[PDB]
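What follows is one chain in structure tokens, specifically the form deposited in one PDB entry.
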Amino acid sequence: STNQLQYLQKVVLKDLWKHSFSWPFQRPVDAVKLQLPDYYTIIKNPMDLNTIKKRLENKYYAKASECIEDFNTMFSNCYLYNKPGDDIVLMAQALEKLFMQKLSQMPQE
């Protein structure tokens, strides 16, 4: 599991962060700053790239599947809160496609 978690930190997370569309995902959605009155009510488990980064650095995950769940939650949260056609959805879809590509190259340990 440690080889895979290492790949998720040094390859997947790094490459997602470098992508030009990553900036809205680099910190938790700040619903007060953004004036989103229902966000915290209906998005039960907010997730973002910095929380995943900190969890990997602190060895919070026991298995790679736990970390992959958090990546997937960040994307579906975006899709669930927003609507088709929103530019934020376009950016999430670009990162999700890159995330999916890098997962395909994960060293099967």
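A residue's number is simply how far along the shown sequence it sits, counting from 1. So that the term is clear: the rigid core is the largest set of C-alpha atoms that superpose within 1.5 Å between two forms.
This next part talks about the form deposited in another entry, which is not shown.
Peer 1: Which one of 64, 43, 49, 56 is the only residue whose C-alpha moves by 2 Å or more between this form and the one not shown, after superposing on the core?
Peer 2: So the only displaced C-alpha belongs to 43.
Peer 1: Can you confirm the direction of the Cα distance change for residue 65 and residue 40 in that other deposited form, closer or farther than in this form, given it is 3 Å or more?
Peer 2: They are farther apart; the C-alpha distance rises by 3 Å or more in that other deposited form.
Peer 1: Which way does the C-alpha gap of residue 43 and residue 25 go in that other deposited form, closer or farther, given it changes by 3 angstroms or more?
Peer 2: Between the C-alphas of residue 25 and residue 43, the gap narrows in that other deposited form (3 Å or more compared with this form).
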